[PDB]
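**Q** sequence and experimental coordinates follow.
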Amino acid sequence: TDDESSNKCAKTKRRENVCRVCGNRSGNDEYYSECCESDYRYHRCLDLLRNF
């Protein structure tokens, strides 16, 4: 059993998808890692995925 201390993207599938989709939507391979960052960014990425 792992914790968020490892990777929030591994704590849930949606989290991993939000990061992958975020990079594609914005068109930046870097954005992918952004979502994996503190929730501060994770929530910011969801804004774009709002129109999923």
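**A** On my side now, so go ahead. Numbering: from 1, shown residues only.

**Q** hey, where'd the strands end up in the chain?
**A** Along the chain, no segments are classed as strands by DSSP state E.

**Q** tell me the buried residues in the helix ranked longest in the chain?
**A** For the chain, the longest helix by residue count, based on DSSP state H, is helix 13-26. Within helix 13-26, the residues scored as buried using 16 or more other Cβ atoms under 10 Å are 15, 16, 18, 19, 21, 22, 23. Bear in mind the C-beta positions are built from the backbone N, C-alpha and C, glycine included.

**Q** from these, which is closest to residue 33?
**A** Nearest to residue 33 out of these is residue 19 (Cβ to Cβ; 7.5 Å).

**Q** what sits closest to that closest one if chain neighbours are left out?
**A** Closest residue in space to residue 19, ignoring its immediate chain neighbours: residue 35 at 3.5 Å, by Cβ to Cβ, 6 or more residues apart in numbering.

**Q** got the contact list for the one you found?
**A** Counting by Cβ atoms under 8 Å, 6 or more residues apart in numbering, residue 35 touches 9, 15, 18, 19, 22, 23, 41, 42, 45.
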